[PDB]
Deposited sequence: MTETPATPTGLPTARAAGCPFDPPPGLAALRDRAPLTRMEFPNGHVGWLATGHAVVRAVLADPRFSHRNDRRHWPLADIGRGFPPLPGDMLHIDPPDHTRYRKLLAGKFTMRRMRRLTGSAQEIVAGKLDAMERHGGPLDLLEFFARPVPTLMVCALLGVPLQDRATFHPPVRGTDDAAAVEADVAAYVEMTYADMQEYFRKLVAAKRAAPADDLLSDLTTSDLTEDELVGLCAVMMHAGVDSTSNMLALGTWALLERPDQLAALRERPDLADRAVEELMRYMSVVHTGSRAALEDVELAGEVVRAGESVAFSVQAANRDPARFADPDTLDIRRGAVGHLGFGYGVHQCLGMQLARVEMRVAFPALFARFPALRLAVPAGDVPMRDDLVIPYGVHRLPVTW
C-alpha cells in the first residue's frame, strides 16, 4: 500500500526523509508498492532490517529482487559478490574475510596517513576555496584501494579525476586488471591482489572483483568523508572533544556512519517463504530495507537524531549486516579514522566556502547519498 518516503527536508541535509520515522515507529515491517508496481514489503526498524540482512533465505540477485528506488534484472557478473547468493557467495566470503580483518587492514594505516598527508599538502598549496571532493574525499579512498590491491604507483592516476582524463568504464577496468593480474602472477608482491593470484578464483572472477572494488571502496567512502567533514565543522564543540581526546576518532567514525547512512536503502527477495516480524513474506516477494531509518530507530539508539561522537559505537547498519556485511568495512574505518582528525588538525578553521543551501546534494534516489561538490575554505 504505502510507497517508500524519499523526500529529504530542505534545511536538514543529514537527516532521513521525514515520513520514515512515523512509519517505522508504527509498523517496522509494512506492505509497500515498489516503483515498478511490485507489491512487496518495507523494513524500517533496526531489528527487522537486521533479520533481513542476516538471513540467507533472502537473495540479493538482481534477477530476483525488485529495486526500491527506480521504476525498472540480470544475473550477477563474475566477481560481484554483493549480488551473488550462497553457495557461490560463501566461497568468496571464506576466501576473502580473513584477508580483510582489522589486524590486516591496520597494516595499511601508514599508507592511509601518507595518502591523506599528500592530499592535505596539495590543498594548502592551492589555497581556499576549493572542492573537498576533487581534492580529498574522492582521491583518498581511490588511492587506498590502489594500495590495497598493489596497483603500480604510476598507474593510479587513471582511476580518479585530476586534482586541478577519461573516466574508466567497468570494461576499461577489467582490461587493466587482466594485465595487472598477469604481472602479479609473474612477480608477486606483499599485497591483496598478488595473494589472490594463488586462489581458486578464475581470471574473470578476480578481474571482476578488482573492478568492483574500485567503485565499492570509493563511492560510499568519498561521500562519508564529504558529509562527515561538513557535519563536524558545524559542531565545533565536537571538534574540540576530538582535538582534546584524539582517541575519540574511532567512536566519531562509527557515529558518523550511523548518522549519515549513505547506503540508505536496498532490497532482497525471499527465496522461500520466510516468517519476518510476525508476517509471512512469500517466496518471490521483495523486502525493501531502510538502513537510514534503522540507524535512527529509538528502539535501538538513545536520542537517535542527535549526532554525538562521544557515544559513537558499533551496532549501526551503515556497513550492512549479516550475509553481505561490507567486506571493506575495516579498511574504511582505518582510512576514516586517519582522515577526519587530520583534516581538522591541518585546517582547524575549515568551513564551507558557500551558503549551505548552495551545496549541490545528490538527488533523493541516488545511492549512496552525498554531495556532488563541497566547496570549503580555511
>> If I number the deposited sequence starting at 1, which residue ranges have no C-alpha coordinates at all?
In response: 1-7, 80-81, 174-187
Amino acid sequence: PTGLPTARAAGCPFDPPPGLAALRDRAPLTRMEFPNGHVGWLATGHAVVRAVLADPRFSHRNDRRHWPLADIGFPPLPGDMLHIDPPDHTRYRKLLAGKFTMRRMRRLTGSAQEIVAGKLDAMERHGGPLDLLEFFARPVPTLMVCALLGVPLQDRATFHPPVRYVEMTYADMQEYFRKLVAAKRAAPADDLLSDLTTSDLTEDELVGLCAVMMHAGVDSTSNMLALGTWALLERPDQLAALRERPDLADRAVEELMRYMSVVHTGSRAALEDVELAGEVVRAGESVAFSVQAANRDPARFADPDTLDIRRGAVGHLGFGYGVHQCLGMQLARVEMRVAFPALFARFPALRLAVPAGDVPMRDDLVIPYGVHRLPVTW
From here on, numbers count along this sequence of modelled residues.
> When the C-alpha temperature factors are averaged for each of 38-46 and 349-357, which stretch ends up with the higher value in the entry?
Replying inline: 349-357
> Should the higher mean CA B-factor in the entry be assigned to 165-173 or to 81-89?
Replying inline: 165-173
>> Maximum C-alpha temperature factor per the entry, among 285, 297, 275, 205, belongs to which one?
In response: 205
> Between 265, 101, 197, 222, which carries the biggest CA temperature factor in the record?
Replying inline: 197
>> Please say which third, lowest, middle or highest, residue 66 falls into when its CA temperature factor is compared across its chain.
In response: middle
> Sorting the chain's CA B-factors, does residue 311 end up in the lowest, middle or highest third?
Replying inline: highest
> Where does residue 147 sit by CA temperature factor within its chain: lowest, middle or highest third?
Replying inline: lowest
>> Which third, lowest, middle or highest, does the C-alpha temperature factor of residue 215 belong to within its own chain?
In response: middle
>> What third of the chain does residue 27 rank in for C-alpha temperature factor, lowest, middle or highest?
In response: highest
